[PDB]
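Chemist: First, the structure itself, so that you have it in front of you.
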Amino acid sequence: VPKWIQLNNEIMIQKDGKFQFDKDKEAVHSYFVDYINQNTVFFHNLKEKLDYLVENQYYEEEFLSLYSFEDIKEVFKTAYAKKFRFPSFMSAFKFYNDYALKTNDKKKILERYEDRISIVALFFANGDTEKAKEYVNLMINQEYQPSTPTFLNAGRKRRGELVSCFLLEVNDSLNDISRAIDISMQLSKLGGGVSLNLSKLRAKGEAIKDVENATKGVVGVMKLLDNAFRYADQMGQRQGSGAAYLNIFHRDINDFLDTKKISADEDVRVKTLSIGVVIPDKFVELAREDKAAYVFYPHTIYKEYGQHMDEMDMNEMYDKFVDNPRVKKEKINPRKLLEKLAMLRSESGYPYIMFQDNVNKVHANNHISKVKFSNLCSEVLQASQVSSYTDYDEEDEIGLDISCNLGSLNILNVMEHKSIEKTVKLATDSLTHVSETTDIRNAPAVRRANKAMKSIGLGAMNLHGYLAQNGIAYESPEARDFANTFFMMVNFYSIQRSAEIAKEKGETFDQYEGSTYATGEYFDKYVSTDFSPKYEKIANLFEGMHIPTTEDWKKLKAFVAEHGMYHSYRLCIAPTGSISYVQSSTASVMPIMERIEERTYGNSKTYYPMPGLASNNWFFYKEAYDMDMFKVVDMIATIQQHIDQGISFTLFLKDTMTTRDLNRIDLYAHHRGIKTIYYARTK
Amino acid sequence: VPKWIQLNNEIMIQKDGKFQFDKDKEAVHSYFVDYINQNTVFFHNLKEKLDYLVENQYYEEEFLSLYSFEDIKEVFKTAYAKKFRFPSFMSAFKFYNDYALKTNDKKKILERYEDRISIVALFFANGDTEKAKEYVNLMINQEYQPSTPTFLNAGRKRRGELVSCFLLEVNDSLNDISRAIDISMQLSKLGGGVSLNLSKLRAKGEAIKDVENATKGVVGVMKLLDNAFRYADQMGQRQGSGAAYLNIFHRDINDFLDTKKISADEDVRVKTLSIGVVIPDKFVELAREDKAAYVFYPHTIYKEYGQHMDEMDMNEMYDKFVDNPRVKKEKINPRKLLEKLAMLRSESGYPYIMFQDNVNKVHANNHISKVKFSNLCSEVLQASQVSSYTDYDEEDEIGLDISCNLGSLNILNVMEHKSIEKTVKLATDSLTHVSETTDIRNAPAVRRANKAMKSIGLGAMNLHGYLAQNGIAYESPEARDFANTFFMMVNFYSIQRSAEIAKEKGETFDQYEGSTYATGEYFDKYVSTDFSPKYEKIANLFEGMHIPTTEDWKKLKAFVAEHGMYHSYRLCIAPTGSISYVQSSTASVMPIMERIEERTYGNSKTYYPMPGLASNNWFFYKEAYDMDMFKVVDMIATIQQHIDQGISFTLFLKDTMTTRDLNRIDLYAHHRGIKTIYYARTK
Amino acid sequence: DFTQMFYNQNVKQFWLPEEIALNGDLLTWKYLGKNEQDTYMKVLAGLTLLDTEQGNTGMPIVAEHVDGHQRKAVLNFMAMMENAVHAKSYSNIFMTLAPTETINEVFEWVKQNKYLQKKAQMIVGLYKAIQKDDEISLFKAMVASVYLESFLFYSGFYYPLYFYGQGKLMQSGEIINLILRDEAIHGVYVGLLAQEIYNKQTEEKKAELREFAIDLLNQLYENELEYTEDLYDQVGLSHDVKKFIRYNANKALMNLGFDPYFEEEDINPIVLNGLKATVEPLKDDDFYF
Amino acid sequence: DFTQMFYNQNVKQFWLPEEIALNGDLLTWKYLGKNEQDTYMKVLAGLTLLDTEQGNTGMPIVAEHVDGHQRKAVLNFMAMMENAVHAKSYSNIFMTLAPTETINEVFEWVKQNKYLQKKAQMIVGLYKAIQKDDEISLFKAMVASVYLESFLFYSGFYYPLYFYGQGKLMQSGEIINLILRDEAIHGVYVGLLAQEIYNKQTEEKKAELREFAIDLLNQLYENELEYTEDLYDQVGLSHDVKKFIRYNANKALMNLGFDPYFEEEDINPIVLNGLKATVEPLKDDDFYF
Ligand SMILES: Cc1cn([C@H]2C[C@H](O)[C@@H](COP(=O)(O)OP(=O)(O)OP(=O)(O)O)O2)c(=O)[nH]c1=O
Ligand SMILES: Nc1nc2c(ncn2[C@H]2C[C@H](O)[C@@H](COP(=O)(O)OP(=O)(O)O)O2)c(=O)[nH]1
Ligand SMILES: Nc1nc2c(ncn2[C@H]2C[C@H](O)[C@@H](COP(=O)(O)OP(=O)(O)O)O2)c(=O)[nH]1
Ligand SMILES: [Mg+2]
Ligand SMILES: [Mg+2]
Ligand SMILES: [Mn+2]
Ligand SMILES: [Mn+2]
Ligand SMILES: [Mn+2]
Ligand SMILES: [Mn+2]
């Protein structure tokens with residue numbers, strides 16, 4: 001047995017009635033001095049290291065050529081001057097197993113944490129030495145963490161894309177379905193997760209050029225996409241991950257949901273394709289009144305009205321669709337559909353739930369389009385325009401397919417350094433650079449929307465870690481007060497940085513003038529309502545850091561109206577799965593699942609206590625399954641009001657609660673303004 | 001039970017020790033008089049019928065506008081002047097159930113046999129009244145039958161394509177694989193069978209741009225294509241049919257064959273994808289000497305030589321591949337692979353066997369490319385060039401994908417009319433017209449090859465019917481003598497008509513100058529060997545008909561050298577499945593499977609004696625299973641020497657036949673020059 | 001060629017009565033007329049009684065005489081479903097809808113009923129006539145079994161499916177649909193075992209077995225028509241039930257590899273809404289001619 | 001007083017081998033000596049044979065002769081487990097760990113092994129000797145079945161348990177523990193049915209039945225000793241396994257209501273270490289907060 005995992009297993013050996021949490025420091029120390037320093041390739045000087053990495057196709061020469069070697073040396077000194085030490089064995093293990101650069105035979109270790117951070121910072125700065133040092137300080141202090149694609153691939157030659165979330169709109173044609181399959185395979189080949197909207201596709205039993213009952217529905221396209229994602233699996237190390245989204249008023253909604261039933265046949269069930277359901281407020285209203293709802297055939301609506309069903313307002317056109325004889329509709333029970341959704345989430349965790357009117361009542365770019373679906377992680381909520389892929393000889397009408405670059409603030413380290421403003425602005429700059437350097441040459445709509453919208457996603461993590469290490473319960477009103485103030489400040493500084501970038505570059509995102517930022521309606525609750533902490537305990541947490549007031553928000557509103565905004569979307573809170581270990585942080589803004597997390601890697605068993613877990617804060621680290629999901633919904637809705645995109649909201653369910661409890665949680669989330677619900681995790 | 005169904009069922013009722021074959025005339029008469037004349041929409045004049053058909057979106061106004069109504073009336077007069085009578089109930093039933101035009105609700109009948117033939121002839125002539133009358137005489141005499149797509153769809157507004165066989169090359173790239181899936185779905189949507197060459201795709205466990213062992217091989221593409229064909233199911237009318245071809249020296253050949261095993265896993269098995277194996281002479285030579293053979297990874301060969309493995313001559317390149325250390329291979333047993341092929345054909349009828357060197361030793365367009373694979377029916381053998389489908393922004397390099405137009409001479413009716421020359425030339429003209437009028441907007445390589453090659457397929461049928469009705473056994477040497485003479489004449493007149501068309505249009509097919517037609521090497525066996533019948537009985541069959549001599553072939557060679565050749569390919573003997581009933585003919589050049597065909601339509605069972613079956617010729621209608629497959633191979637090889645493309649050669653096996661017997665049949669077919677083997681049908 | 005595939009489909013369809021809560025059926029049951037409640041009870045008892053014969057005799061007797069370990073396992077699984085799952089499910093439906101005294105009386109009535117008894121005893125008679133090592137008698141019993149699984153149950157299934165398609169008695173209708181789905185696969189599987197025996201016979205013996213199957217079908221069908229009128233005339237449904245019987249008779253014949261006997265008919269839309277030759281090596285000299 | 005609780009226990013214990021992924025045992029299997037792998041394969045093959053006959057013959061035949069639909073449902077379920085679940089699980093293990101030729105060889109080895117043939121001959125002979133309405137022949141077969149469930153399996157179970165207890169072959173071991181958990185309740189249940197018949201007899205008849213049970217146990221025991229030596233001598237464990245089978249023989253006797261026959265011994269401590277969401281309808285008040 002390895003010495004470091006033997007030391008790491010001494011955490012669970014209870015001495016004097018307490019877990020030996022200090023063993024993890026010894027565990028990581030032994031891990032380093034027995035595996036990492038031995039397996040680390042060391043060069044005489046940094047120049048030899050960089051030459052070796054560039055020559056052997058490990059790094060990219062173009063980005064390293066913008067700095068003189070003295071500047072690169074200064075950046076590396078800045079990284080190593082911090083003398084960063086991993087606080088736990090899991091942090092270092094995850095870094096050196098997932099993100100640290102290794103030789104071509106996966107034998108030795110080329111990059112330390114400081115080397116990777118310095119390379120990512122030099123990639124971000126794009127020739128600026130001082131900006132590179134600022135990025136080094138930001139990441140070595142672990143105030144900001146670039147997403148897994150960016151952190152893993154920044155500055156590497158044989159790399160995937162820095163963006164891993166893509167959203168595709170599929171038009172109701174065979175040419176568009178073929179192009180969707182092709183683009184899905186191309187993006188899965190790049191390593192990204194692809195989400196597809198299947199609402200515009202006509203339902204099963206619709207006509208294909210005046211021959212009736214000819215269309216196979218969205219389930220045939222679902223099978224096509226599932227096999228396309230199985231094919232493009234990148235060695236199978238990380239198999240192709242796709243998501244399909246369907247509006248709840250689509251006729252194929254029941255067959256769409258039946259693809260996830262355990263008793264589904266092999267000719268229907270999809271395995272590699274996650275599913276999400278988009279629910280307008282009309283469906284919730286119909287289920288609330290116990291009235292008879294109707295699902296519609298999309299092609300009939302398109303023929304009758306000239307627009308797709310999901311491109312229309314269901315809360316204003318549902319009655320017109322029902323009364324229209326030329327529209328084909330099927331009678332359903334909305335409460336039965338809700339119960340089926342709850343049962344499917346209990347048994348499989350699917351579908352993802354998107355509350356469409358919750359997304360679009362606060363959506364800033366409804367002039368471009370309404371948000372019709374989310375991503376594979378169920379937190380990207382941006383306007384999309386469907387493309388019209390025509391025959392080979394004809395020109396294609398390229399729409400807007402969503403993609404944003406992810407990045408997380410570490411709430412604990414940002415709050416410790418009293419650096420919300422600087423961290424948010426530097427992270428915004430880094431995400432803007434990642435957006436600018438991304439060029440997808442096989443997804444035309446993704447490329448066009450990346451150039452036009454310039455959307456970024458700046459998330460946060462370690463919310464529960466910060467609260468538990470500060471003696472605040474996750475369900476407590478003080479926690480929601482802190483989240484309100486913190487994320488209002490993050491929104492303020494992200495909007496300020498976007499406006500400053502627009503002023504400097506002299507350009508805004510496409511169709512900015514129609515957005516709510518340009519009209520000033522976005523800032524109504526910010527110029528009217530003060531978001532300063534209401535509790536003295538929370539107010540001391542922000543001591544030494546200026547909290548923008550209503551006057552500051554009015555000044556920012558004037559600044560945005562006079563200079564514009566560079567990013568259509570700025571903030572989205574992703575799950576942040578594996579980078580949470582490296583940053584020694586709790587995953588996303590969701591509460592922790594286990595206080596001490598037990599994992600098996602190969603034939604070795606190791607335990608990961610939550611960051612900062614001890615006996616003085618053991619009960620503040622309440623597990624997500626033991627807490628009220630209504631209070632978690634309250635917390636996420638408090639955070640969501642300052643986030644322009646969505647939040648990956650996992651529901652943590654006990655075995656005792658029925659499908660009625662899951663439905664009640666979903667309805668309370670819809671009532672409280674929750675935009676999306678990610679997973680129904682059951683213990 | 002219908003009266004005609006009862007009358008047709010009285011054939012099996014044996015009266016005086018003989019079948020009541022005359023009951024089928026009563027059966028068809030009753031069928032007509034009781035159902036067809038009742039359900040046939042009648043109009044006061046032909047003008048009213050034509051106006052109703054064009055205005056109700058049944059016909060195309062474009063081709064009918066090319067004639068004055070007087071010319072169309074005279075064409076219809078010519079069709080009805082023959083007073084054509086269906087000899088059997090099954091002929092009329094098949095026509096009026098598969099090809100006759102019906103109302104949009106499929107309740108009444110708009111088209112009789114004469115109306116369908118007149119419309120097809122008017123479409124063929126393209127404005128020529130005398131040519132239309134000639135086509136009417138050719139088809140109402142049932143000397144020439146256009147293929148099911150052409151016969152069914154010609155002159156129809158809501159029609160599929162007139163071509164149903166397509167052959168696609170798939171390049172070793174994700175862009176090309178996605179484009180192949182798209183084109184396969186587009187062509188299956190049109191109702192055409194699609195054949196895909198998978199030999200260029202790199203095998204399983206190959207490197208993808210420095211990531212070794214990352215390719216799923218040809219089986220992942222096979223699953224993608226199977227799901228693509230299942231989705232593109234011809235508007236839910238007829239199941240989507242596709243074929244995949246792999247070289248026997250491809251590394252994935254065993255995985256390719258395992259997709260057809262009855263015990264195949266659901267993640268390996270393909271359902272709607274037929275498989276064909278391409279076998280060079282090198283494999284047969286290795287199996288003959290029992291030397292252990294090697295299957296090669298195609299990407300290693302492409303990297304080492306810059307050419308695809310299937311683009312190179314395995315006879316000269318096999319030793320170089322084996323001796324090359326940079327070419328990856330694994331040992332196989334060629335005899336074990338042959339036994340596996342025979343076992344698979346016994347169990348499921350798959351794969352098709354294409355003898356690569358038998359095709360290419362007589363191929364007239366080896367300069368353009370070698371023939372690497374066949375179609376879904378194993379008779380189309382043409383040169384193909386793989387397309388390089390690049391990224392979306394870049395320009396694609398369009399190659400040549402095979403698609404030929406099918407037509408069948410009725411050997412019995414052509415022989416009784418003494419009109420081999422006239423029928424062959426008119427059929428060539430009609431196939432040329434179908435080729436010119438075909439434009440496919442989503443298969444650029446198919447369209448380019450149709451425009452450039454101008455290849456057609458003129459088949460033959462009713463060989464066994466003609467022989468049995470003339471007192472000649474199918475396995476007899478006299479039958480092979482007749483086949484030799486008849487198909488030599490067919491080849492002579494097809495070459496003459498092609499050269500005449502080239503002279504008239506002043507253009508040949510693309511890259512004709514490199515063909516064996518241009519150099520005269522094609523005509524060597526025709527200017528050196530006499531193909532007149534060697535039997536007095538056979539020579540009497542051709543009485544009143546000039547059999548081309550050696551001097552005639554020399555004159556044709558001079559004419560082709562002077563004026564060129566319009567069609568790269570002219571003759572291919574397709575199975576001719578359903579059009580054989582309408583023509584009262586035995587299917588293709590194959591012998592009959594059963595003397596009397598027992599089939600069930602709806603809830604009523606039907607009986608179909610072979611055309612011309614009686615007491616006097618009962619034993620000349622020997623069933624195919626009772627025949628010696630070696631003699632059938634001899635017959636097909638006699639025909640194959642005059643057919644530039646292949647022949648759909650079905651093996652008819654008894655249950656007592658072993659794997660060794662099937663292998664012996666395959667090896668004798670290879671020895672005798674058979675190009676392709678279609679099916680292993682076991683009784 | 002088929003037993004492992006059917007094994008998979010059978011075991012993945014496993015279910016238990018407890019999974020469906022039945023009490024909510026009382027909210028539609030109370031609104032049915034006396035004739036509707038009477039027909040439902042009688043149909044339910046008919047299905048229960050026939051399915052018990054299949055669990056106690058039909059499946060176990062076939063499992064006993066069929067050779068092959070894997071076939072015996074699949075057949076055992078099917079027998080288990082009859083006795084452990086289906087029988088408990090029918091009992092649960094009854095106990096939910098009727099008081100104990102009413103259940104006892106309905107079963108007394110259906111036990112004495114001429115048309116139910118005729119078909120029950122005809123089927124049981126063929127199971128009792130199987131002789132050791134006689135594949136002809138086994139085939140005849142398999143035909144009887146397929147007729148029960150794929151045909152005789154359906155005059156009964158009609159009514160629960162009819163309610164299920166209207167939004168009435170949804171919990172018991174869900175149970176019936178699961179049962180019916182099991183009987184469908186049972187019928188197909190036993191059908192394949194019968195075809196295996198049939199295909200081993202001479203042409204004269206085949207013609208004789210076909211005559212047996214058609215004659216048996218005719219006897220059962222004529223009794224089904226009487227059974228149908230006896231139960232369904234009081235609720236006005238007999239015409240449509242008769243179409244459903246013929247449609248399912250055709251499925252049973254197809255399971256036995258035979259042609260359909262009855263012309264194709266459309267079914268009530270409410271009910272629809274409810275619903276290796278020999279491997280030999282190449283020994284050289286086969287490559288030379 | 002007991003069938004319903006056994007019914008509930010049996011159905012709640014339902015499982016399939018596919019629920020357990022076996023590729024995790026690949027390395028600990030690779031690491032065993034050739035002697036160890038040989039003994040392991042043969043041990044599981046002997047178990048497969050026993051379950052094959054218990055499923056095909058033993059449980060169905062006892063089900064046929066035992067009165068009461070609920071008792072029959074339990075016995076039918078147990079029969080299904082024997083051949084559709086237990087016997088099949090061994091093939092899942094074989095197909096994971098061993099190449100086809102080794103699998104073919106071990107099944108050939110069961111056919112020719114004299115101890116395995118003798119024990120099958122004896123047990124199946126008693127099953128096939130049951131006479132309708134003859135409770136004594138039924139008792140004798142139930143004793144044989146208890147001896148198969150609670151005694152004979154254990155010379156086989158020892159080895160997977162011995163490895164499981166050392167942290168080796170733990171996925172295969174998980175399957176075996178599930179099988180063992182089933183057989184324990186099967187042995188108790190059949191034991192209770194046997195006691196019912198025994199308790200109906202005169203004292204003189206009881207004395208003869210005890211003689212039968214003890215004579216049969218001794219005869220099976222002596223054969224099992226030779227079988228155990230044949231399998232385990234090459235891995236050095238024969239004496240240890242013998243202690244284990246004696247321990248389990250006493251449990252079989254106890255399941256039959258008889259006193260233990262062998263003296264207590266210390267068993268290898270390694271072997272001892274080897275041992276949907278509810279649907280609730282939405283209310284109107286659930287939509288307001
Ligand atoms: C071709 C084809 C289409 N479809 C479905 C998927 C598409 O969403 C939908 C549109 O197909 P299209 O490619 O748009 O077919 P079309 O343009 O000829 O028909 P239309 O005039 O009605 O637009 O039909 C199938 O389900 N199966 C098929 O084989
Ligand atoms: N020597 C050396 N330095 C490395 C390596 N990887 C990262 N570094 C960092 C450590 C220092 O902060 C910085 C400069 O190291 P150096 O080139 O040895 O310079 P110096 O120590 O002579 O000033 O580079 C490495 O492999 N070797
Ligand atoms: N009248 C009529 N003729 C039809 C129809 N379908 C095909 N025909 C053919 C029959 C004749 O050969 C030809 C001309 O028919 P017509 O218009 O009645 O001609 P005429 O005999 O009055 O000059 O058209 C049809 O529906 N009606
Ligand atoms: Mg369209
Ligand atoms: Mg490439
Ligand atoms: Mn049943
Ligand atoms: Mn059944
Ligand atoms: Mn068992
Ligand atoms: Mn047991």
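The chains in the structure tokens are called A, B, ... from first to last as shown; in each chain the residues are counted from 1, and the ligands are counted from 1 in the order shown.
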When the cut-off is 10 Å and we count only C-alpha atoms, which residues of chain A are near chain C, given as JSON, numbers by chain?
Modeler: {"A": [262, 263, 264, 265]}
Chemist: Distance cut-off 8 Å, counting only C-alpha atoms - which residues of chain D neighbour chain C? Return them as a CSV table (one decimal) with N, CA, C and O atoms, in the first residue's frame.
Modeler:
chain,number,residue,atom,x,y,z
D,52,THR,N,-29.1,-27.0,-11.6
D,52,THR,CA,-29.8,-27.4,-12.8
D,52,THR,C,-30.9,-28.4,-12.4
D,52,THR,O,-32.0,-28.3,-12.9
D,55,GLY,N,-33.7,-27.0,-10.1
D,55,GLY,CA,-34.6,-26.1,-10.9
D,55,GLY,C,-35.5,-26.9,-11.9
D,55,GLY,O,-36.7,-26.6,-12.0
D,56,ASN,N,-34.8,-27.8,-12.6
D,56,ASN,CA,-35.5,-28.6,-13.7
D,56,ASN,C,-36.5,-29.6,-13.1
D,56,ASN,O,-37.6,-29.9,-13.7
D,57,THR,N,-36.1,-30.2,-11.9
D,57,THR,CA,-36.8,-31.4,-11.4
D,57,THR,C,-37.3,-31.3,-10.0
D,57,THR,O,-38.5,-31.4,-9.8
D,60,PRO,N,-39.9,-28.1,-9.1
D,60,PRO,CA,-41.2,-28.3,-9.8
D,60,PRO,C,-42.0,-29.5,-9.4
D,60,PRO,O,-43.2,-29.5,-9.2
D,64,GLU,N,-45.7,-29.7,-7.5
D,64,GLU,CA,-46.8,-30.5,-8.1
D,64,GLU,C,-47.5,-31.2,-7.0
D,64,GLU,O,-48.8,-31.4,-7.0
D,69,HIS,N,-52.4,-23.1,-3.2
D,69,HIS,CA,-51.9,-22.2,-4.2
D,69,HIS,C,-50.8,-21.3,-3.7
D,69,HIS,O,-49.9,-21.0,-4.5
D,72,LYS,N,-47.7,-23.6,-3.4
D,72,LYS,CA,-47.2,-23.8,-4.8
D,72,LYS,C,-46.5,-22.6,-5.4
D,72,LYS,O,-45.5,-22.7,-6.1
D,73,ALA,N,-47.0,-21.4,-5.1
D,73,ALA,CA,-46.4,-20.1,-5.6
D,73,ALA,C,-45.0,-19.9,-5.0
D,73,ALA,O,-44.1,-19.5,-5.7
D,74,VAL,N,-44.8,-20.3,-3.7
D,74,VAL,CA,-43.4,-20.2,-3.1
D,74,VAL,C,-42.5,-21.2,-3.8
D,74,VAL,O,-41.4,-20.8,-4.2
D,76,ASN,N,-42.8,-22.7,-6.7
D,76,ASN,CA,-42.5,-22.3,-8.1
D,76,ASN,C,-41.5,-21.1,-8.2
D,76,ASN,O,-40.7,-21.1,-9.1
D,77,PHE,N,-41.6,-20.2,-7.3
D,77,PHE,CA,-40.6,-19.1,-7.3
D,77,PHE,C,-39.2,-19.6,-7.0
D,77,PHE,O,-38.2,-19.2,-7.6
D,79,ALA,N,-38.1,-22.6,-7.5
D,79,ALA,CA,-37.7,-23.4,-8.8
D,79,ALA,C,-37.1,-22.4,-9.8
D,79,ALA,O,-36.1,-22.8,-10.5
D,80,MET,N,-37.8,-21.3,-10.0
D,80,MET,CA,-37.3,-20.3,-11.0
D,80,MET,C,-35.9,-19.8,-10.6
D,80,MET,O,-35.0,-19.7,-11.4
D,83,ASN,N,-32.9,-22.4,-11.5
D,83,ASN,CA,-32.4,-22.6,-12.9
D,83,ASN,C,-32.3,-21.3,-13.7
D,83,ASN,O,-31.5,-21.2,-14.6
D,84,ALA,N,-33.2,-20.3,-13.5
D,84,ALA,CA,-33.2,-19.1,-14.2
D,84,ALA,C,-32.2,-18.0,-13.6
D,84,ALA,O,-31.8,-17.1,-14.3
Chemist: When all Cα positions are paired in order and chain C is fitted onto chain D, what RMSD is left, to one decimal?
Modeler: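 After least-squares fitting, the two copies differ by 10.1 Å C-alpha RMSD.
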Chemist: Return as a Markdown table the residues of chain A lying at most 9 Å from chain B, together with the closest atom-to-atom pair for each and the distance in Å to one decimal, counting only C-alpha atoms, with rows in chain order and ascending residue number.
Modeler:
| residue | atom | partner | partner_atom | distance |
| --- | --- | --- | --- | --- |
| A:158 | CA | B:210 | CA | 8.3 |
| A:174 | CA | B:186 | CA | 7.6 |
| A:175 | CA | B:182 | CA | 7.5 |
| A:177 | CA | B:182 | CA | 8.7 |
| A:178 | CA | B:182 | CA | 5.2 |
| A:179 | CA | B:182 | CA | 7.7 |
| A:181 | CA | B:178 | CA | 7.5 |
| A:182 | CA | B:178 | CA | 5.2 |
| A:183 | CA | B:178 | CA | 8.8 |
| A:185 | CA | B:174 | CA | 7.9 |
| A:186 | CA | B:174 | CA | 7.5 |
| A:189 | CA | B:174 | CA | 8.9 |
| A:207 | CA | B:235 | CA | 8.2 |
| A:208 | CA | B:235 | CA | 6.6 |
| A:209 | CA | B:158 | CA | 8.9 |
| A:210 | CA | B:158 | CA | 9.0 |
| A:211 | CA | B:235 | CA | 7.2 |
| A:212 | CA | B:235 | CA | 8.3 |
| A:213 | CA | B:236 | CA | 7.4 |
| A:214 | CA | B:235 | CA | 4.4 |
| A:215 | CA | B:235 | CA | 6.5 |
| A:216 | CA | B:231 | CA | 7.2 |
| A:220 | CA | B:231 | CA | 6.0 |
| A:221 | CA | B:231 | CA | 7.6 |
| A:223 | CA | B:227 | CA | 7.5 |
| A:224 | CA | B:227 | CA | 6.2 |
| A:227 | CA | B:224 | CA | 6.2 |
| A:228 | CA | B:224 | CA | 6.8 |
| A:230 | CA | B:220 | CA | 8.4 |
| A:231 | CA | B:220 | CA | 6.0 |
| A:232 | CA | B:174 | CA | 9.0 |
| A:233 | CA | B:214 | CA | 8.8 |
| A:234 | CA | B:214 | CA | 6.6 |
| A:235 | CA | B:214 | CA | 4.2 |
| A:236 | CA | B:214 | CA | 7.7 |
| A:266 | CA | B:266 | CA | 8.5 |
| A:391 | CA | B:442 | CA | 5.6 |
| A:392 | CA | B:442 | CA | 5.3 |
| A:393 | CA | B:441 | CA | 6.8 |
| A:441 | CA | B:391 | CA | 6.7 |
| A:442 | CA | B:392 | CA | 5.4 |
| A:443 | CA | B:392 | CA | 7.6 |
| A:444 | CA | B:392 | CA | 7.3 |
Chemist: Could you give me the residues within 7 Å of ligand 9, counting only C-alpha atoms and all ligand atoms, as a ChimeraX atom specification?
Modeler: /D:54,78,82,149,182-183,186-187
Chemist: Residues near residue 469 in chain B, anyone? I mean within 10 Å using only C-alpha atoms, not counting same-chain ones fewer than 6 positions away, as a PyMOL selection string.
Modeler: chain B and resi 412+463+611-614+616-618+620-621
Chemist: I'd like the contact shell of residue 283 in chain D - 10 Å cut-off, only C-alpha atoms, skipping same-chain residues fewer than 4 positions apart - returned as a short mmCIF file (atom, residue, chain, number, x, y, z; two decimals) with N, CA and C atoms, in the first residue's frame.
Modeler:
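Printed below is selection33.cif as written:
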data_model
loop_
_atom_site.label_atom_id
_atom_site.label_comp_id
_atom_site.auth_asym_id
_atom_site.auth_seq_id
_atom_site.Cartn_x
_atom_site.Cartn_y
_atom_site.Cartn_z
N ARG A 288 -51.96 23.33 -12.06
CA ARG A 288 -52.47 23.89 -10.81
C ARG A 288 -53.99 23.89 -10.78
N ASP A 290 -55.86 21.88 -12.45
CA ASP A 290 -56.32 20.53 -12.76
C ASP A 290 -57.13 20.49 -14.05
N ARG A 335 -51.24 17.23 -14.60
CA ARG A 335 -50.82 16.71 -13.31
C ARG A 335 -50.24 15.30 -13.45
N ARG A 660 -44.55 12.93 -4.72
CA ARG A 660 -45.25 14.17 -4.37
C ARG A 660 -44.29 15.18 -3.75
N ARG A 664 -43.48 18.79 -5.20
CA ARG A 664 -43.61 19.99 -4.37
C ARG A 664 -42.33 20.82 -4.42
N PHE D 287 -49.79 23.23 -5.04
CA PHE D 287 -49.45 24.23 -6.05
C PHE D 287 -49.43 25.65 -5.50
N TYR D 288 -49.73 25.83 -4.21
CA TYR D 288 -49.69 27.14 -3.58
C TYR D 288 -48.77 27.11 -2.38
#
Chemist: Find the distance between CA of residue 592 in chain B and CA of residue 678 in chain B and write it in Å to one decimal.
Modeler: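 CA of residue 678 in chain B lies 15.5 Å from CA of residue 592 in chain B.
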Chemist: Using only C-alpha atoms, which protein or nucleic acid residues come within 7 Å of residue 123 in chain B? Drop anything in the same chain fewer than 2 positions from it, and give the result as a list in words.
Modeler: residues 63, 119, 120, 121, 125, 126, 154 and 155 of chain B
